[PDB]
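Working notes, structure below.
The figures here come from the full heavy-atom set of this structure, side chains too, leaving out hydrogens, waters and symmetry mates. Each chain gets a letter, A, B and so on, in the order the sequences are listed, and its residues count up from 1.
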There are 2 protein chains.
Amino acid sequence: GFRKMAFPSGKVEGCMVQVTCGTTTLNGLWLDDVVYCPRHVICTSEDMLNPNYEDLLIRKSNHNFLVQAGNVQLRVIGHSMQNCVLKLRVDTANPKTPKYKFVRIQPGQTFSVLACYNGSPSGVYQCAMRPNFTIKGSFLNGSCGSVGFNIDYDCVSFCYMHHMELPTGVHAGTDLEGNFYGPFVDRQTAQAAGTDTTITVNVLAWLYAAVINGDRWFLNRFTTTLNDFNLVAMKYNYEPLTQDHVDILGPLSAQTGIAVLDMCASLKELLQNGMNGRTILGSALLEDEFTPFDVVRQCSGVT
Amino acid sequence: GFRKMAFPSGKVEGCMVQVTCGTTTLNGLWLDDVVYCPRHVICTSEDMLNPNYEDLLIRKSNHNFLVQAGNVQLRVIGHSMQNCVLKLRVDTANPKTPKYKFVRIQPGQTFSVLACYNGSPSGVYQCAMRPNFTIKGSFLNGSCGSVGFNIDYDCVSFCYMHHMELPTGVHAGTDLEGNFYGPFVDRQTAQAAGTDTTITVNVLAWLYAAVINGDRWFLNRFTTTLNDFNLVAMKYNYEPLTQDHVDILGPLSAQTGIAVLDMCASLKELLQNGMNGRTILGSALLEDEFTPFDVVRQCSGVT
Ligand SMILES: CC(C)(C)c1ccc(N(C(=O)c2c[nH]cn2)[C@@H](C(=O)NC2CCCCC2)c2cccnc2)cc1
Ligand SMILES: CC(C)(C)c1ccc(N(C(=O)c2c[nH]cn2)[C@@H](C(=O)NC2CCCCC2)c2cccnc2)cc1
C-alpha cells in the first residue's frame, strides 16, 4: 500500500513551455514574463566539450530563442544568464503563474518532478536529493528544463531544474537561480559523483511507516545511544544521525510509541543481520527516499 | 531510475469537490453540472451494516447535500442514484471541465490515482487493477470519491472511483457508472477478495524495461512455447499468458531484439530458481504493476 506519492502537478503544468535554440529543443519554466531554462540550450555539438557561455550568449539575439506555450509563440524580449540558467524575457506574463518561491534544498530532502518533453508534461513522480547531490531520476533525452518542486498549500516551491545525465545514469541539475547542486558543470566532460551514502533519517522514517502499517517484525527489545548507533552506521555507508534528526523523528515516535533510539537499535540489528529473506513494506531493501514529513503526510493525509 | 510514474494531474484537480451529507464528508467529481460521488455518503452508522439505499435516498432532499468547490458552495439541483454512485445535479457547470470519457478497465491495467481529502487533492500515484479486482492503493479515511484515470493527449479517461477499504487493507471501487469492480458491495460486511494472481504480461514488460536499462543478467539462452511456459506459470500463481499478450509485447521485443518467448524462458528460470540475492531494476521481487504501454512510454517519453 505505502508508496512514493507526488504532489498534484497542475500548478506547475501551466508553467511548462518549449524552448528551441537552433537545432536544440528543451523545456522552460514560464513565470510572470520570464522563461527560465538551462543555459546549455545555446551550445552546439561543436562547442559541447568546453563551451564559453559568455561568448556564446553574446552571439545570440532574441530571435534565436523560439519559445512556445502550447501552440502559442512567445516573443523573447531579452535574454540574460544567471549562473547556469538562461532567463528569457517574453512580452507576455503567464496568466497561469502560481504563487511560488525559489528554494535550495538539502541532501536527503524530497520533491516532485514533473517530467516534460518538448514543453509538454508527460509524468509526475517523487524524487530525492542524494547525499552526493545527484538525483536518481527518470529522465530521457530532451527532459532538460523539467523542474522539481514542493507544494505548501497554495505556494509552489521550486527547488530543482534538470540539466543533464551523468554517464552513470544519475542526474544533475540546479536550483532556480542556476547554481548546480554538487560539483557538476554543464559541459560534456568526465564527471565523478562522490560516494553516495544512505540517508539514515529517511530509513528511520520508513521503518516508522512500516510500523504504522502493521509491519513490525524487525522491532527488538533494545535501545542504543546516538553515538553507539553512529559507530555501526558508518561501516554500512549510512549518513550520521544528528540530534536534529532525532528531533525531526519526534512526531513519528509519538504516534507509534517507539522512541527514536529504540528504532535506531532495530535498524542497527537489521544492518548487521540483513532481512533473512523477509520484507519490510513489501521491500527487500531499506528505502531511504521517504522523509519524516513524507511519511507523516501519507499516513495523515495532508492536503 | 525506472519508477512508477503518474499522469500529470492538473485536468483532474479542477474537478475535485467536497461532498458532505449529514456528518459524513468525502470527495466528488464535478463534470459539467453533475457531481459524482459514492452513494454510501448517505449512510449513517445506524445503517452501515445493511443499508437500503433506495429508501435512504428517498429520505434525502437536495439541501441535505452540501457541495463545495474550493470555498464556493454549489447548490444541488437534483439527486439520483446510478448503481453505486450518486449523481448530484448542481446549478453551475464546472468551467474547468476537461474533455473526458468514462471507461471500464480490465484487470492488469494501470491508472493514476489523484488522492483527495475534504475535496482537495493531496497526492498522485500510479496504481493497477489486480486480477481479483482490488487495487492496492494508498488511501486513508475520507479518501472515498477520489478517482483513477488515464490521459490520452487532451482527453481524461476516468476508470475508477474509490469507495472503501477491505479489512485486509486493499481497496474496492467502481467505474464512473457506479458498477463495482469485482464482487464487492458498499456495506459494512465481511467481504473476501478472491485469490490474487501475478500479472504475467506486466512482469514481462518490466523485464524488458530492465533490459532496456542495461539490467540483463537474468537472460538465458533458451526459448519456450506459450503452452510450456504456461504450465510452469500456473504453479507460481501467475496469470495465463495469451497470444494477445505476446502480440502486445511486440514493440518491446522489437526494441530489445529479444523474442517474447525468449523472455518467457528467462522468466521461467527466474520462477524456478529465484534471484539468488540479486536484484532486477533495484528490486528483489518481480514487479507486475507496469503494463507494456507503461514501459514503452517511460522508455520513450510519450506526452
Ligand atoms: C550540452 C551538455 C551540457 C553537454 C548537455 C548535452 C546533452 C544533454 N541531454 C539532453 O537530453 C538534451 C536535450 N536537449 C539538450 N540536451 C542528455 C544528457 O545529459 N546527455 C549526455 C551529456 C554528456 C555526456 C553524458 C550524458 C540527457 C539524457 C537523459 C536525461 N537528461 C539529459 C544535457 C546537457
Ligand atoms: C458505509 C460503508 C460502505 C461501510 C463505508 C464505511 C467507511 C468507509 N471509509 C471512509 O473513510 C469514509 C469516509 N467517508 C465515508 N466513508 C473507510 C472504509 O472503507 N472503512 C471500513 C468500512 C467497512 C469495514 C472495513 C473498512 C476507508 C478507509 C481507508 C481508505 N478508503 C476508505 C467507506 C465505505
Exercise. Based on non-hydrogen pairs under 4.5 Å, which of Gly214(A), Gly282(A), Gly301(A) is most in contact with chain B?
Worked result: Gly301(A)
For this session: Let me know if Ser283(A) has heavy atoms under 4.5 Å from chain B in its side chain, its backbone, both or neither.
Result: neither
For this session: Indicate yes or no for a side-chain donor-acceptor contact from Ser138(A) to the backbone of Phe2(B) under 3.5 Å, with no hydrogens or angles considered.
Result: no
Exercise. If you draw a 6.0 Å radius around CG in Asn276(A), do more than 12 non-hydrogen atoms from other residues or ligands fall strictly inside?
Worked result: no
Exercise. What's the shortest heavy-atom distance between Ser122(A) and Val302(B), and which atoms?
Worked result: CB-O, 3.1 Å
Exercise. Can you check whether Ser9(B)'s main-chain N or O pairs, donor with acceptor, with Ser9(A)'s side chain at less than 3.5 Å?
Worked result: yes
For this session: For chain B, find which of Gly1(A), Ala284(A), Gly277(A) contributes the most heavy-atom pairs closer than 4.5 angstrom.
Result: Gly1(A)
Exercise. Nearest heavy-atom pair of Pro121(B) and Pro8(A): which atoms, and what distance?
Worked result: CB-CG, 3.7 Å
Seminar exercise, completed: The reported gap from CD in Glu13(B) to CD in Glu13(A) (rounded to nearest 0.5 angstrom) is 6.5 Å
Exercise. For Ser300(B), is it the side chain, the backbone, both, or neither that has a heavy atom closer than 4.5 Å to a heavy atom of chain A?
Worked result: backbone
Exercise. Is it the backbone or the side chain of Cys127(A) that comes under 4.5 Å from a heavy atom of chain B, or both, or neither?
Worked result: both
Exercise. Between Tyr125(A) and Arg3(B), which heavy-atom pair has the shortest distance, and what is it?
Worked result: CD1-NE, 3.2 Å
